[PDB]
Amino acid sequence: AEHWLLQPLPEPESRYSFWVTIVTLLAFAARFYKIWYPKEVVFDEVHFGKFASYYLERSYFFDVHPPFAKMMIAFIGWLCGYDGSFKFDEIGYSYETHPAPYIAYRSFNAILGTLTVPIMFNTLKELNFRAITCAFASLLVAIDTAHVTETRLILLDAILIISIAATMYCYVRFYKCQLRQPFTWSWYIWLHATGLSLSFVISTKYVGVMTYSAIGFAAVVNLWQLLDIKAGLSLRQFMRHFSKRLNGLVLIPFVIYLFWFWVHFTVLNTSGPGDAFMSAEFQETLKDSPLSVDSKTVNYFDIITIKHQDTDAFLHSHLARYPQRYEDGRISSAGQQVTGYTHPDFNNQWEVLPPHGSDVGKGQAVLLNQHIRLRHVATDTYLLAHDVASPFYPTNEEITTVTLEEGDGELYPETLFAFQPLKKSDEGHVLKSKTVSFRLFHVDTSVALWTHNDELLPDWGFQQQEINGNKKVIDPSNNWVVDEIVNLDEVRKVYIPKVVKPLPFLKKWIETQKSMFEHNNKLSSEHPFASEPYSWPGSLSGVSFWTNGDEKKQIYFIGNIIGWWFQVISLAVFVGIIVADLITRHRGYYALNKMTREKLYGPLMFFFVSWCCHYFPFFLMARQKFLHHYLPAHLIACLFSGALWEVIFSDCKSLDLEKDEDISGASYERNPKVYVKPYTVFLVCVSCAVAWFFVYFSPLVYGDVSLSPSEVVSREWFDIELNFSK
Amino acid sequence: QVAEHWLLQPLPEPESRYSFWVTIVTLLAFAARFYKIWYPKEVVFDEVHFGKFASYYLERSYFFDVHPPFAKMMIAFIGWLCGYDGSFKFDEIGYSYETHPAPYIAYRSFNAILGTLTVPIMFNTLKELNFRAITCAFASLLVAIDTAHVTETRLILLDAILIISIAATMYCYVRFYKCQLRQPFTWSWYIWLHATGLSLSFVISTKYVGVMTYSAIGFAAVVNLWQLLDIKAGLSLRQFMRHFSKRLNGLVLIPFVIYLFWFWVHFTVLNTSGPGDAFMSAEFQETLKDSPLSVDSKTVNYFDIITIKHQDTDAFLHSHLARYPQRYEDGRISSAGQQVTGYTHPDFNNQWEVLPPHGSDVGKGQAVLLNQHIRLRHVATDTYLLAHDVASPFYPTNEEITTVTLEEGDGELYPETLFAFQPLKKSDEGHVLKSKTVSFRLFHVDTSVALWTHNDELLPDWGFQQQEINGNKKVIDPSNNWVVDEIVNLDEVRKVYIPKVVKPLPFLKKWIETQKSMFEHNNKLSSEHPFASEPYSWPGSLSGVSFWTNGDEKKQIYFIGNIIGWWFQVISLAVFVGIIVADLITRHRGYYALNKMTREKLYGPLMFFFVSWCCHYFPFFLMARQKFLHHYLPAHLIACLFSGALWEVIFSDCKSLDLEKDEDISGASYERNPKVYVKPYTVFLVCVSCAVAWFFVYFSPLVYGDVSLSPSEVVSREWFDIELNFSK
């Protein structure tokens, strides 16, 4: 496409500036519309918000994707002065109870999604297409429902898609500089800008290898043309092209990719949820967490305080006794009261004793799920649970205490407790203060100790929380932690500051990289929205991102079906045109003008092959896949479709059907007329249909409007299952 | 046209030299396949499947398989020629052919003939591509004495029929292409076109992997149609359309009719109900005649007295007046209830009356439906079958099965007497229960267990050494399967065998149903295999498959390629890619290193074999189902032709006359008869042949299974991921 791409622009710059401004303002309006809504965690915000928090805390985490895009999200949190306190644990968590800077994160993605549109516009402008063609192709991304939904939420895809758009643009700029004058300062700038953008693509997600393949193919095709003796280059000049492109497109981008891992390991210098994925040698490079520095192994004969996780109350006892009858007339034991108390005192102190007749001595660690006894230090009594109903809950057991003589006698079984782990995998691990949650499980009656703060004991229980034996052992509200060890040896009191051992960066990176590829290939899950590659170009199914049951509102991830089908038709029509051109030429019939062919076999073939690189490799992947994996291919299909329809509405005819205009010295029409009037009417009709669809699906893009069940069902077609259709 | 000047040359040697070498390599191939063909006198590997299918064809019993019928019908046809009746079932590996005489020597001999006849077809393929007689001999020798091709083609396997049909396809297509170059639309051109189509039909009618052979020939046929579409070919569009329509007919339409013909034969031979029925619709099964034996198989009605038989242990559900001991040997407490046991002999204590639930309007003579609640009354003790939350004698997690009195079972224990004949498939819920044909789980309604029994351990003296009957919590377990064997109280009107009225089904409907079932089960889900292997390991022959083992004699058959031969082919493929890349680079630079005739060999026959190898290798990387080393034998077969051809080219005078001039330009002078350096070429081929033959002899104990190896000799043959038996 040398003669086509070296032409002046087909229109004045003011027309391009007008249309790029309009489509950028539409893209801005579509992404920033109600950006504060929903005020809850949506979809994969549970992952990328959580990773932003771990960067701010400097806590080591593992993920299957490279660090760059997550560090960009974390960097916005850092600019907002966010500390990482909020964890984004589940979908539907309110941003009002724990203020994460979610508007700033969503706004950052909305900016990147908006800036993608003028990069797409300028890509076609640089390929010498008309301003209306550039506007239309960019509009197909500006008001696509899937591109809008993804680029307003705290997702990696806004950073991926802008980096792909920037890669395509920078490569087109590089290629025009290559056609005009190679080895100019501008040629080096655009080569290294293509490499930089390619680095950001692969540093966001490994699917970025498809963008390397697309640009790599185009760069190899152009290197082949420069290797031809007809190019007039010496082998030394060719080798200069090769070595400079290898440096700009492979070596420098690889150094920038490694730089993001170097930043990642320098920021994440504290032990965290990622430790389980790494070797002990890697974990030795991490500092102890600030929380772990105040943690200690619990031993037999340690005096401990036991704290409830949900109510912050301590397990407490005092010389007061349960009333012989509760207010409902049930009979209590008239035993010593065990209560939940929110203030630290001497009545919160329990000594951990081993079972009677055990060989277990002072300084041995308590293991999870081992039988223990708890002695209340202030009253010198054993903790006890029995078949007596609790004050407020007739089905739950009263928790009391017994004398040492009675508890070493007949009531011995009723004094047996265990620090039962929350997970069966954790049985037999060493109990530690502050870090190990457990259920305080009674061995004989099979209940867990529980407390609540919705109702307080009457005046006879000092308005303290009730402690009772809950029969629903698995209930997450039965969770306790050892808060303090009161009798900690001064040496034990002295924190043991792990000596951080250094690991060479390349060893650290190779280990993390192997773990990334192994976990990415080795993973199960399910996700009731996974989609095979054959369904993507049709947008035949989508993904539920968020639902509110009370308001009957939902966010649903789906493509603009009119826009996507228009692109499928465009791809099919182009294959038909190329096959027809090849057949007719093989018959000595030259239907198409040289300039039409330069558009078809240059920019359109470049986008078609680039789309193939972002679509067909997914048929070879056996892992879970989803519709969002097609957004890179759809982005290229928007450029392609805009370009194709300008060619179809151009004067494509050869001057002489019996003569090949590609023969050196043949006359050909250099400025094929575009039929602007019917072309503009056609583009307006398609744009109005795409805009109508975007408005019709806007309640599902924004989640901001409740739909009646009949309106929900009216948007269910193919394999689109929506919530609230009943 | 591609390689037109090369392929139109006279043969490089007299026909007597070709006749000499083809005879020698065919005699070697015969000797390698027929060596001890009677050994082992036992069922080996997949002989359990293909021997069994041969038996079902002879009995006319309907069976289902994931592969098309042609190759199995060829095996069955040898049995039919031997007067074999199909009595022997080939149920397991190691079953003796002496106790039940199947014509296994005749079946193995048929495959050994086909494996032997593959070798002269391969030889003649290269002869027709104008290669030297020694080149044809060497490429055919690489198949004649390959350990994998030998092992497969002497056992009762489909692969002998597949491989000869692929070899015949390649040969027939080369013959067709030479007729196309000389004079199109001759009688010989039609013969070879339809012979290519016929051979292609046999490939896809043997295994669906035969689509790779259609792709290889289809690509070559499209490339040649593309050359004939060229205005420079001098053909009118009418003459081109005549080529197109005749090739479409000979390579697609006729082969498809022959493929359908084998299914028509299959459904005409298999006209009786059989083990395949479970894979087909009731409408398909209505086209099958009943099985004679099942003349007494009949609808089970309420108030029928039945015997219930376990599928895996052949034991009947049995009960008697003896009681469980108050404590088992491990100290667990039993119910001290009446014993329910598995008994292998038919008696009066196997008799259970099928009763409807209490308060049902269901009368005598109404059919029992699958998954309906029922009660079972033991006829001899007048007690209801019961399951409860008491642990079984041997399995602490499984329930004890007992019986209760009528008064107690009609009282508080009523829920614990409720059973269902639970179908194996959810699709079969609400169907009529029938004796002998309908497998079910005997499901307890209250505790959600299935009745189960085993024969690895028998009850102690208090349980008369009978099988335990227990309530298995793993309901879905295939070992929980039961059948109604007999209806003891059957009325004379029902007793009279009811000759099912056979209903006709249109052939295309029958074929479409079977074909959908074939593809669904082939890509059903498969699993993992102690011998499954991935495509990347095949060209190296890095792992093999155990086919047979005898523990007493320490003998084994192991399926593996001739590693020297396979690595020589990998090197050959790599060298050719290097030659093509070097030719392309040098030409771009205006340097014409290679003579026109050398290029016609490289871009004609060698490229045809290279693309054909690619079609038989690379598509397996896109397949997510289980795969095995034998799937590469079609690609290896093509790689043998390729490697023989390539090394003749390397040992030829490949130089252009003028390195600055393209000899492909019209009117350029080129050397028409490039000299082969026959002396160093023959020494090279003899050295490689001696190495391949040495390897074949060294592995021959594992090909034939006929020699016991010491543990050190076994370990000396273990390399890479080759695990052999008796290494300890």
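What follows draws every value from the coordinates through simple rules; no lab data is involved. Counting neighbours? That spans all protein chains shown, and the Cβs are built from the backbone with ideal geometry, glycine included.
Before moving on, here are some points about what is shown:
- Scanning segment B:466-496 for residues that are part of a loop (DSSP other than H, G, I, E, B), more than 37 Å from the chain's Cα centre (by Cα) and not charged (D, E, K, R) yields B:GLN466, B:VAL488, B:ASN489, B:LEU490, B:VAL496.
- Some residue of segment B:272-284 being in contact with a strand residue (DSSP E or B) (Cβ under 6 Å, 6 or more places away or on another chain), of a type in the set (S, T, N, Q) and buried (at least 18 other Cβ atoms within 10 Å of the Cβ): no
- Candidates B:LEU606, B:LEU637, B:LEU584: the one that is in a helix (DSSP H, G or I) and within 14 Å of another protein chain (Cβ to nearest Cβ) is B:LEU584.
- All of B:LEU573, B:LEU602, B:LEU594 fail the test of being in contact (Cβ under 8 Å) with a residue 24 or more places away in the chain, over 42 Å from the mean Cα position of the chain (by Cα) and crowded, with 18+ Cβ neighbours inside 10 Å, apart from B:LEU594.
- Taken residue by residue, segment B:247-256 has at least one member that is touching a residue at least 12 places away in the same chain (Cβ under 8 Å), in contact with a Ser or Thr (Cβ under 6 Å, 6 or more places away or on another chain), crowded, with 16+ Cβ neighbours inside 10 Å and not hydrophobic (A, V, I, L, M, F, W, C).
- Those residues of segment B:257-271 which are surrounded by 16 or more Cβ atoms within 10 Å (Cβ to Cβ) and either farther than 30 Å from B:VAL501 by Cβ or not hydrophobic (A, V, I, L, M, F, W, C) (or both), in sequence order: B:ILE258, B:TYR259, B:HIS266
- Qualifying residue in segment A:432-439 (condition: within 22 Å of A:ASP380 (Cβ to Cβ) and part of a strand (DSSP E or B)): no
- In segment A:540-561, the residues that are surrounded by fewer than 23 Cβ atoms within 10 Å (Cβ to Cβ) and hydroxyl-bearing (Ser, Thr, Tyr): A:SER541, A:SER544, A:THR547
- Count of residues meeting criterion [closer than 13 Å to B:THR287 by Cβ and in a loop (DSSP other than H, G, I, E, B)] in segment B:497-526: 7
- Any hit, segment B:84-92, residues being of a type outside the set (A, V, I, L, M, F, W, C), surrounded by 22 or more Cβ atoms within 10 Å (Cβ to Cβ) and touching a residue at least 12 places away in the same chain (Cβ under 8 Å): no
- Within segment B:74-105, the set of residues being closer than 18 Å to B:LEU155 by Cβ and not in a loop (DSSP other than H, G, I, E, B) comprises B:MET74, B:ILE75, B:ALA76, B:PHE77, B:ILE78, B:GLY79, B:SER96, B:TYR104, B:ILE105.
- Filtered by the rule that a residue be over 18 Å from B:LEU8 (Cβ atoms) and either in a helix (DSSP H, G or I) or charged (D, E, K, R) (or both), segment B:650-679 gives B:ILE650, B:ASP653, B:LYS655, B:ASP658, B:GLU660, B:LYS661, B:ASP662, B:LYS675, B:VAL678, B:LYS679.
- Matching entry among A:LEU153, A:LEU127, A:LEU160 (being within 25 Å of A:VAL41 (Cβ to Cβ) and in contact with a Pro (Cβ under 8 Å, 6 or more places away or on another chain)): A:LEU160
- Only a single criterion out of (1) within 14 Å of chain B (Cβ to nearest Cβ); (2) surrounded by 14 or more Cβ atoms within 10 Å (Cβ to Cβ); (3) within 25 Å of A:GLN567 (Cα to Cα); (4) not aliphatic (A, V, I, L, M) is not satisfied by A:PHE616, namely (2).
- Filter result for B:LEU200 (free of Cβ contacts under 8 Å to residues at least 60 places away in the same chain and part of a loop (DSSP other than H, G, I, E, B)): no
- Residue check for A:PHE529: part of a loop (DSSP other than H, G, I, E, B) and either touching a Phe, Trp or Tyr at 6+ places or on another chain (Cβ under 9 Å) or within 25 Å of A:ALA142 (Cα to Cα) (or both): yes
- Just one of the listed residues (A:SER358, A:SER317) is touching a residue at least 24 places away in the same chain (Cβ under 8 Å) and of a type in the set (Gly, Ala, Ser), and it is A:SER317.
- Residue, farthest from the other protein chains (Cβ to nearest Cβ), within segment A:191-226, restricted to residues that are of a type in the set (S, T, N, Q) and out of contact with any helix residue (DSSP H, G or I) (no Cβ under 6 Å at 6 or more places or on another chain): A:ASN222
- Any hit, segment B:238-245, residues being surrounded by 13 or more Cβ atoms within 10 Å (Cβ to Cβ), away from chain A (no Cβ under 14 Å) and among the hydroxyl-bearing types (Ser, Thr, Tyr): no
- From B:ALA112, B:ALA144, B:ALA106, residue being surrounded by fewer than 24 Cβ atoms within 10 Å (Cβ to Cβ), small (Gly, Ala, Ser) and over 19 Å from the mean Cα position of the chain (by Cα): B:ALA106
- Flag if B:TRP567 is touching a residue at least 40 places away in the same chain (Cβ under 8 Å) and hydrophobic (A, V, I, L, M, F, W, C): no
- Leading residue by the ranking (nearest to B:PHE699 (Cα to Cα)) among those in segment B:545-589 that are in contact with a helix residue (DSSP H, G or I) (Cβ under 8 Å, 6 or more places away or on another chain) and among the hydroxyl-bearing types (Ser, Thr, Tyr): B:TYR558
- Among (1) more than 14 Å from chain A (Cβ to nearest Cβ); (2) among the hydrophobic types (A, V, I, L, M, F, W, C); (3) touching a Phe, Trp or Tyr at 6+ places or on another chain (Cβ under 7 Å), the one test that B:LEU229 misses: (1)
- Of all the residues in segment A:297-314, those that are touching a helix residue (DSSP H, G or I) at 6+ places or on another chain (Cβ under 7 Å) and surrounded by 21 or more Cβ atoms within 10 Å (Cβ to Cβ) number 1.
- If the condition is being surrounded by fewer than 16 Cβ atoms within 10 Å (Cβ to Cβ), without any contact (Cβ under 8 Å) to a residue 40 or more places away in the chain and outside any loop (DSSP other than H, G, I, E, B), then segment A:447-465 contributes only A:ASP459.
- Filter result for A:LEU707 (exposed (fewer than 14 other Cβ atoms within 10 Å of the Cβ), more than 14 Å from chain B (Cβ to nearest Cβ) and in contact (Cβ under 8 Å) with a residue 40 or more places away in the chain): no
- Residues of segment A:106-122 include at least one that is assigned to a helix (DSSP H, G or I), in contact with a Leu (Cβ under 7 Å, 6 or more places away or on another chain) and of a type in the set (D, E, K, R).
- Checking each residue in segment A:619-631 for being within 14 Å of chain B (Cβ to nearest Cβ) and buried (at least 16 other Cβ atoms within 10 Å of the Cβ) picks out only A:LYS625.
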